[PDB]
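Single chain ahead, written as structure tokens, the form deposited in one PDB entry.
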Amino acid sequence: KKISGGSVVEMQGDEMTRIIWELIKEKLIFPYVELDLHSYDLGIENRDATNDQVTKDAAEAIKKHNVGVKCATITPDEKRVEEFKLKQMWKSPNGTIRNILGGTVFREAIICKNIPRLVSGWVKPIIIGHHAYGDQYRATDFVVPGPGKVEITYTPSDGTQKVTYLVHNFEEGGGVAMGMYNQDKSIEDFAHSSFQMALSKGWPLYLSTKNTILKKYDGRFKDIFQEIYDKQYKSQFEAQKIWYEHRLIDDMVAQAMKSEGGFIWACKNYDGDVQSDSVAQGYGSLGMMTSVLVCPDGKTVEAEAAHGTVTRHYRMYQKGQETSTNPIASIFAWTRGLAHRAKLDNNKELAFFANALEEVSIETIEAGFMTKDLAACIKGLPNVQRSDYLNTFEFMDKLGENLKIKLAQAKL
């Protein structure tokens, strides 16, 4: 009787999201879908036990099966080394996985009619993608201890004359200096992933840069996107009545603020971390922010929540205290992964199910059943009372009962 789901790579994670992840599987997925799960435990102590090889193996399995669904993981810092007695500060699994796959991470906010938006006008979500988590990760920085010239040079491999550019002549005192870069192939992958994302959604695409200032650096992004668009995607976009345009970031922000949402935005910038995005943080609930890593081909995806492991809630849970952890972004990591699996395999039953679970999630909240973070979006955190929300387990139970009702009603 269960839906034949097919091959899905699953990456288990840490702390509160690891608890919610199991509730999702037990209550929302496994009662209705049978899957050929290729499970990789990306929990912090199994990552330490395999010297982070499990992360690389999981990344390779996604490349092989084209569908990944990942739970939030701990990115180690020095406290985590003291906490778990780690071998070394293992790098972010999110960073390791998208490096190995060569994809673009697109973020999307899950919208509910009763949850106020930062901008009232935004009727459809805005999907934003960044170039390999931002240029901040491709920087080489140092202290200039005193006077002297800082220069950036390019020495051709073919033996042609080197080109030197003056960064700054420090005439008196010191300062700081740094070098950043991008490879053409990485920009091309970013363009292809962005065009594929726009065609799969049936929404227009904008690329934003600061090409008025970084005329050469940002100009290259504008040129590569336009070249790829004209040659390969223009007719396909026209057929769906969508378009692609470059925008100076100044105009893009003003435009996005006056729009109704419903577009893809390839944002060329320095910091692609969701944590430092004031609009992502201003929505009031990181629990509603999902992410999808899309590839140039448009055939491989890895879906995960944009939020972290929710350590503060995990500490309450460890003491037997009630929590109200929002599972929506984690649920949409499963629905987005399953929707892609269903598309690749022409599995109408799995496609129907994946959409129904997203609908049930939104309808539950729209009917006034929600976690504390969402009740705080409506009333303001100081005005929230216990009767305004459901705890983590009550909310999962409500979704499970509404999903059973949705699928029972559908049989007719």
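Take the two forms, superpose them, and find the largest set of C-alpha atoms that agree within 1.5 Å; that set is the rigid core. Numbering starts at 1 and follows the sequence shown.
The same protein also has a form deposited in another entry, omitted here; what follows describes it.
2 Å-or-more CA mover between this form and the one not shown, where superposition uses the core and the choices are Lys185, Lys299, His168, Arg315 = The answer here is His168.
Classify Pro76 as shifted (yes) or not shifted (no) between this form and the one not shown, where shifted means its C-alpha moves by 2 Å or more with the rigid core superposed.
-> No, because once the rigid core is superposed, the C-alpha of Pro76 moves less than 2 Å between this form and the one not shown.
Hey, does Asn114 budge by 2 Å or more at the Cα between this form and the one not shown once the core is superposed?
-> Not so; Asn114 is displaced by less than 2 Å.
Quick one: core overlaid, is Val274 moving 2 Å or more at the Cα between this form and the one not shown?
-> The answer is yes, as the C-alpha of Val274 shifts between this form and the one not shown by 2 Å or more after core alignment.
Would one find the Cα atoms of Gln275 and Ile187 closer or farther in the other entry than in this form, where their distance changes by 3 Å or more?
-> Distance between the C-alphas of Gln275 and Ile187: shorter in the other entry, by 3 Å or more.
Would you mind telling me if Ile97 and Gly272 are closer or farther apart in the other entry than in the shown form, C-alpha to C-alpha, with a 3 Å or larger change?
-> Compared with this form, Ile97 and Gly272 lie farther apart in the other entry.
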